[PDB]
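Asker: Before anything else, here's the structure in question.
Each reported figure results from applying straightforward, stated rules to the coordinates on display, with no laboratory input. Note that we place each Cβ from the backbone using ideal geometry, even for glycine, and neighbour counts take in every protein chain shown.
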Amino acid sequence: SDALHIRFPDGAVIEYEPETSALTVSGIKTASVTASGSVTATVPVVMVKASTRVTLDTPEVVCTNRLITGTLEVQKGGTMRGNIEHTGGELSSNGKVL
Amino acid sequence: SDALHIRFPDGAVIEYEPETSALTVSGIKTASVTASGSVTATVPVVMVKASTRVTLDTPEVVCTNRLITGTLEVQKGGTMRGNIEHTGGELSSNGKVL
Amino acid sequence: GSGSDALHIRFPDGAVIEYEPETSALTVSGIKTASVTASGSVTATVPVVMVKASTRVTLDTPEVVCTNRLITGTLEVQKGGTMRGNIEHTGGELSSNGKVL
Ligand SMILES: CCCCCCCCCCCCCCCCCCCC(=O)O[C@H](COC(=O)CCCCCCCCCCCCCC)COP(=O)(O)OCCN
């Protein structure tokens, strides 16, 4: 083919717009992608806007460079290498400030 | 169009069901999206079930609120701001339990 | 048989949306933006997920949950947190409010 605009009876749309080179899927309830090898996205900016939660259910999540978070909870321990600088509050272990 | 059930000769299927508003992609080995600008997903729940690994290969991963993990490995240092509460084990640095 | 359908769309901007049954590869290329908007959930189930983003990946959500291990190059925690279990620091200095501990 050379065009893609599908509008479904529930109001969902799957479309590709060449004028702005924009692929859109909208108005759906669920999507599920099952693959036996890999799923890859290669693009400068990825935005995941999830009003409930993003779950990465995997043995390993790897962030290759920087990871920034508002708050952190580590449930079962870990390791830190390099310089770790804490500021702007109290660092405590088993109820004892350091 | 207004319907979608594509059944490929390798057993893969791409389909949309408007009564449940469900988009399904199944039976594939790999998927990839390559874009020059951005990829966005807007949905309350994002679920990634990756039996080997999820890699976020990027200068920066930003979690805008809370991040929860089982275990943590920081390879090249970092900064922590605010109150940091350690409990339920030993916090050690360069071999010494604080 | 398993099916006889095909998917190969080449658009005037050079984008391609196709499925290649020879390698079972679904490919979208040559686009500028993609967006998926859903009211319930999106699931991907696959051994390997690779997100190769030369600027940034933002997870704009109340909570990101990594069910097992999280590995990062550097870490920046902006507004506090909790760490449970054994935490081992090596290979540098852990400093709090200016004091090397
Ligand atoms: C935490 C972040 C990391 C994990 C989550 C993000 C992962 C990012 C990478 C995802 C890669 C999977 C998606 C591959 C491309 C799918 C879309 C191309 C296929 C396509 O448009 O086919 C049309 C039907 O719609 C379709 O086939 C629509 C299928 C859409 C599948 C994707 C559903 C959402 C899954 C989550 C990933 C989405 C990321 C954003 C793209 C064909 O139409 P036709 O044959 O009738 O045309 C003929 C004329 N009419």
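Asker: Given the condition in a loop (DSSP other than H, G, I, E, B) and under 25 Å from C:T72 (Cα atoms), answer yes or no: does some residue in segment B:29-47 qualify? So that I can check it myself, show each step before the final result.
Answerer: Step one: of segment B:29-47, the residues in a loop (DSSP other than H, G, I, E, B) are B:43-44.
Next, from what is left, pick out any that are under 25 Å from C:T72 (Cα atoms): none.
Within segment B:29-47, not a single residue is in a loop (DSSP other than H, G, I, E, B) and under 25 Å from C:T72 (Cα atoms).
Asker: Follow-up. Which one of these does A:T58 not meet: (1) more than 23 Å from the chain's Cα centre (by Cα); (2) within 25 Å of B:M47 (Cβ to Cβ)?
Answerer: Condition (1) is where A:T58 drops out.
Asker: Would you mind finding the one in B:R66, B:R7, B:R81, B:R53 that is more than 7 Å from chain A (Cβ to nearest Cβ), basic (K, R) and either within 15 Å of the ligand (Cβ to nearest atom) or without any contact (Cβ under 8 Å) to a residue 40 or more places away in the chain (or both)?
Answerer: Values: B:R66 fails: more than 7 Å from chain A (Cβ to nearest Cβ); B:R81 fails: more than 7 Å from chain A (Cβ to nearest Cβ); B:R53 fails: more than 7 Å from chain A (Cβ to nearest Cβ).
The unique qualifying residue is B:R7.
Asker: Next up: Could you pull out the residue among A:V39, A:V45, A:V97 that is more than 7 Å from chain B (Cβ to nearest Cβ) and among the β-branched types (V, I, T)? Break it down stepwise before answering.
Answerer: Values: A:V39 fails: more than 7 Å from chain B (Cβ to nearest Cβ); A:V45 fails: more than 7 Å from chain B (Cβ to nearest Cβ).
After ruling out the rest, the residue left standing is A:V97.
Asker: In addition: Which numbered condition trips up B:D2, out of (1) assigned to a strand (DSSP E or B); (2) over 17 Å from the mean Cα position of the chain (by Cα)?
Answerer: Exception for B:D2: condition (1).
Asker: Out of everything in segment C:10-31 that is surrounded by fewer than 17 Cβ atoms within 10 Å (Cβ to Cβ) and facing chain B (nearest Cβ under 7 Å), what residue ends up being nearest to A:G37 (Cα to Cα)? Lay out the reasoning, then the answer.
Answerer: Residues of segment C:10-31 surrounded by fewer than 17 Cβ atoms within 10 Å (Cβ to Cβ): C:10, C:12-14, C:16, C:18, C:22-23, C:29.
With facing chain B (nearest Cβ under 7 Å) added as a condition, the list becomes C:23, C:29.
Numbers: C:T23: 11, C:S29: 19 Å.
Among those that are surrounded by fewer than 17 Cβ atoms within 10 Å (Cβ to Cβ) and facing chain B (nearest Cβ under 7 Å), it is C:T23.
Asker: Against the condition surrounded by 17 or more Cβ atoms within 10 Å (Cβ to Cβ) and either within 7 Å of another protein chain (Cβ to nearest Cβ) or in contact with a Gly (Cβ under 8 Å, 6 or more places away or on another chain) (or both), how does A:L91 come out, does it pass? Step through it out loud before you land on a result.
Answerer: Values: surrounded by 17 or more Cβ atoms within 10 Å (Cβ to Cβ): yes; either within 7 Å of another protein chain (Cβ to nearest Cβ) or in contact with a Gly (Cβ under 8 Å, 6 or more places away or on another chain) (or both): yes.
Judged against the criteria, A:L91 is a match.
Asker: Looking at segment B:35-50 only, could you name the residues that are within 12 Å of the ligand (Cβ to nearest atom) and hydroxyl-bearing (S, T, Y)? Walk me through how you get there before you give the answer.
Answerer: Step one: list which residues in segment B:35-50 are within 12 Å of the ligand (Cβ to nearest atom), which gives B:35, B:38-43, B:45-50.
Hits for segment B:35-50 are B:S38, B:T40, B:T42.
Asker: In this structure, does A:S32 turn out to be polar (S, T, N, Q) and either more than 12 Å from the ligand (Cβ to nearest atom) or out of contact with any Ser or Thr (no Cβ under 6 Å at 6 or more places or on another chain) (or both)?
Answerer: In short, no.
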